[PDB]
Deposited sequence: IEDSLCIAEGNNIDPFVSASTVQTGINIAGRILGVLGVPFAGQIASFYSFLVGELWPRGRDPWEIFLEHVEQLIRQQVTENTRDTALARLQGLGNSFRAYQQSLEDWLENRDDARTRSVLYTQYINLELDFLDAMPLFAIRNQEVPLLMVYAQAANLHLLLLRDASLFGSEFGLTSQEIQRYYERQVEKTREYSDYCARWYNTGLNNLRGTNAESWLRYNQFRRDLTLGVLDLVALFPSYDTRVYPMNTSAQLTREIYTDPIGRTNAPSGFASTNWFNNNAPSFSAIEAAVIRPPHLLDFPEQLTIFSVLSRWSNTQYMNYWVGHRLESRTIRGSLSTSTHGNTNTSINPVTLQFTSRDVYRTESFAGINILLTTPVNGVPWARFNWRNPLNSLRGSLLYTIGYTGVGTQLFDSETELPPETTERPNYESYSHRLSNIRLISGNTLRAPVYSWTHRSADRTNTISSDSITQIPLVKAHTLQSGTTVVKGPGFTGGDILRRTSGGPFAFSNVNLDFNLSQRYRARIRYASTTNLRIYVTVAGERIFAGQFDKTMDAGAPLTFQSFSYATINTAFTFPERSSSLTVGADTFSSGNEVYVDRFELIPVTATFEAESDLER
């Protein structure tokens, strides 16, 4: 539910980024009070106690009362502001409505200022992280409304500016707090054994859904950088729990093997370029004690993964001996949105075996409404069984449609935890907003993270993301191209686009873009951080190249690079954006 709501909120903000036209602010605001201040329950205390249970450290009974009391009162005010904001909809002229809405806006904007430190208490920053992050986003949307149509509210140009300036610094402040405190929180649960890793990974996945995916949208509220509609991609991989037992007491981590440090390096893919799974091939082994107690469980797999117009990559995990047949499932261009998995446990004299004898992959074709299940199993009986529904961990956002139209995540990679007499698959997922084609729209600002590329230049490493960008990030230490991406355009192609790239660098440099590997458009831009400085939100600037360009084909490719600086300096690239000039 905690996770369910963070998905609904973050996924619905994706639709209302930059400048919205007409009346999606009010319906979004209306949706927002319904999800955040509902009848019946308090989702804030659900946030607070969700993280508290994760890190296994309860807030003081004090800090509890203070924040939630501040939160509901703020919700009475947020409900009041939107209520009247929902009446300004029809209003064109009134010296009283724009005078009360005036005051309740200003009061609540002010109210969020005082309230923000309340959810930011020393020694209990981490338990309040989701509570804090969801509140921080709320304040940043309201400052966006100052720029949006406060100009009609009865606000002066100077006060709009004063409002925009705090939105800028609050975007920097809120994006830093969440990143560091998500990191510190994650840091403390670093353990020494597997049981601590499950708690570690759980903290990572759940808070990535609520907090980090919201923070990554904060830059896209800026009215001046995104003066129209803009589109964003969240590119991080998240890992659902490994499919193993949990009851009655060996389980799956006390069934021998590996260490915390071993599991973390074995399942977490190092920072890569984003790929979609293609063909999956499962190998099985049979482990019986008699005619009534056997099960052929999951021992190894071979998964093909392709970047966007990439050459095929195939990884191998586990065992591959094929006395038993191997079953192969087909995932290419099909969104595996829901996996129902069964964790089997067979027992010998003292030694129990954990494996997976059944896993169904529900898939949808995002381009043309084709569904399907893909089943793996051989046979089993007399063994223990524990279900793993992916939607327990990765629910579709709450919609008026079924799950195969409303899902929020795809299967992207299957790793495998192996040991002596233990097999625990781990599904890594990628967010829906990260698309398969890098489609470039004609009437909105398309953000394409450089992580959506297919090829790295001979010196470009993908380094792990700071927290507040939505995914990992690419870093050159000397001049040259960064990565090679492929982009697709819609019906009418005559469109000219200017290029703008979110970068972080130690030096003034020349940033360029080449289309179809032939014609080039460059610019000169500024240093954004100090040499030993540790990459915060303000280290990132936008480098707008003046000159517009036409794409030659509906399927063209775009390179991003930066040279003309002395090596040893560090240059980062998060994202190239394409601004349709019109």
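Against the full deposited sequence, the model leaves out several stretches, namely 1 to 19, 268 to 272, 607 to 617.
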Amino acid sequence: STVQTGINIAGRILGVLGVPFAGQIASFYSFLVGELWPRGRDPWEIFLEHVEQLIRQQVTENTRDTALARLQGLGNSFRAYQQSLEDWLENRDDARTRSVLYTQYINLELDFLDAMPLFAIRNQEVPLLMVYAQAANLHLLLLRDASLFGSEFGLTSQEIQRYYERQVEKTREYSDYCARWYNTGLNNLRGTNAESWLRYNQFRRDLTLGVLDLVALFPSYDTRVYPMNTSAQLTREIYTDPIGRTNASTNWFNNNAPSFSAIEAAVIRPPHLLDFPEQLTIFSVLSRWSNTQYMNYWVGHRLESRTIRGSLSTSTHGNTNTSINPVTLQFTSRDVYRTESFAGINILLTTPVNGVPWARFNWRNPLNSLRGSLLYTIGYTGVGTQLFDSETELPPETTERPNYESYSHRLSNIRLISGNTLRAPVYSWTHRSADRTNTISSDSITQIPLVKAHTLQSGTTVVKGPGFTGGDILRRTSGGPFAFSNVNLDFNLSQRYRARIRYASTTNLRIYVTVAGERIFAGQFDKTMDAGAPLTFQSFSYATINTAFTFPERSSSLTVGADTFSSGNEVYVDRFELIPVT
From here on, numbers count along this sequence of modelled residues.
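If you average the C-alpha B-factors over 57 to 65 and over 531 to 539, the higher value belongs to 57 to 65. The PDB entry records a higher mean C-alpha B factor for 257 to 265 than for its counterpart among 257 to 265 and 304 to 312. The residue among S408, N492, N137, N438 whose C-alpha atom has the highest B-factor in the PDB entry is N492. When the C-alpha B-factors of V426, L189, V451, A216 are read from the PDB record, the largest value belongs to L189. Ranked by Cα temperature factor within the chain, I520 sits in the middle third according to the deposited record. Among the modelled residues of the chain, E109 sits in the middle third by CA temperature factor in this PDB entry. Annotation for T559: CA B-factor lies in the lowest third of the chain's modelled residues. When the CA B factors of the chain's modelled residues are split into thirds, the value for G459 lands in the lowest one. Ranked against the other modelled residues of its chain, the C-alpha B-factor of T582 as given in the entry falls in the highest third.
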